[PDB]
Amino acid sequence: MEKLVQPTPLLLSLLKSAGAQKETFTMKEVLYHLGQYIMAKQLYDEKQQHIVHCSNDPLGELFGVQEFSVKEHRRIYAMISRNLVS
């Protein structure tokens, strides 16, 4: 079986805000809902479509960054791991 992960309170609140309805997830599911949140809040750069702007959004505090690229997968996994129950 795939390992299920357990978001800490802030990340959990974001994921539910995007439509998640449980407390544990596969990493694929966490990433899906995070992607939905980003799309819904229109955080993508208009011209460089892989760039996500967080400086005006609570996601910035959650991840601890001002911008990131969706191509930086190791970085995104790291940002999520800091917000999982160990």
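The first residue of the shown sequence is 1; numbering continues from there. Rigid core: the largest C-alpha set superposing within 1.5 Å between the two forms.
| field | Stretch departing more from the displayed form, 74-82 or 60-68, Cα RMS in 7 other deposited structures of this protein (core fit) | value | Stretch with the larger root mean square C-alpha distance in 7 other deposited structures of this protein: 60-68.
| said: Do the Cα atoms of 27-35 or of 41-49 sit farther, on average, from the shown structure in 7 other deposited structures of this protein when the rigid core is superposed? | reply: Evaluated in 7 other deposited structures of this protein, the stretch farther from the shown form is 41-49.
| field | Higher-B stretch (mean Cα B-factor, as the entry records it), 58-66 or 13-21 | value | It is 13-21 that shows the higher mean C-alpha B-factor.
| query | Do the C-alpha atoms of 46-54 or of 28-36 have the higher average B factor in the entry? | reply | Higher mean C-alpha B-factor: 46-54.
| said: Please place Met79 in the lowest, middle or highest third of its chain according to the CA B-factor in the PDB entry. | reply: Tercile = middle for this residue's CA B-factor.
| request: Rank-wise, by C-alpha B-factor, drop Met1 into the lowest, middle or highest third of its chain. | output: According to the entry, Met1 has a C-alpha B-factor in the chain's highest third.
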